[PDB]
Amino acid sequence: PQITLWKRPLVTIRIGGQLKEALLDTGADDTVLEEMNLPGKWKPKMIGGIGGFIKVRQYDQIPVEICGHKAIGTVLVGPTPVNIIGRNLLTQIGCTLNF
C-alpha cells in the first residue's frame, strides 16, 4: 500500500500466532513490542530511545506478517510505549519513504 501521514501509520500484524496493532516507525532501527510471550530462546539486551534506556528480551529469527507481507527477524520485547515496527522488518517488506 501507499500510506499517508496525517494519521499514525498503525497497521495490523501477526506474530507467535497472535494479531496486534503496531506503528510503522522509520525512526526505529529495531522492532519493539510490548510485553508478550514468544516461543524459544531469548537474550537480555538494552536499547535506548528518546527518554533513556530500557531492558528488553531479544528474540531472533521470528516470523511477523505486516499488512499481509512476510518478514522474519529480530523482535525485542519490553516496555515500549507502543508496538513499533522498525527498519529491520520494514526493509524486509520492501518499505520505502517517498515524497
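The numbering used is simple: start at 1 and walk along the sequence shown.
22 to 30 and 36 to 44 differ in mean CA B-factor, and the higher of the two is recorded for 36 to 44.
For the pair 71 to 79 and 13 to 21, the record assigns the higher mean C-alpha temperature factor to 13 to 21.
Among the modelled residues of its chain, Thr96 has a C-alpha B-factor that falls in the middle third, as given in the PDB entry. Residue-level temperature factors show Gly52 in the middle third of its chain, judged at the C-alpha atom.
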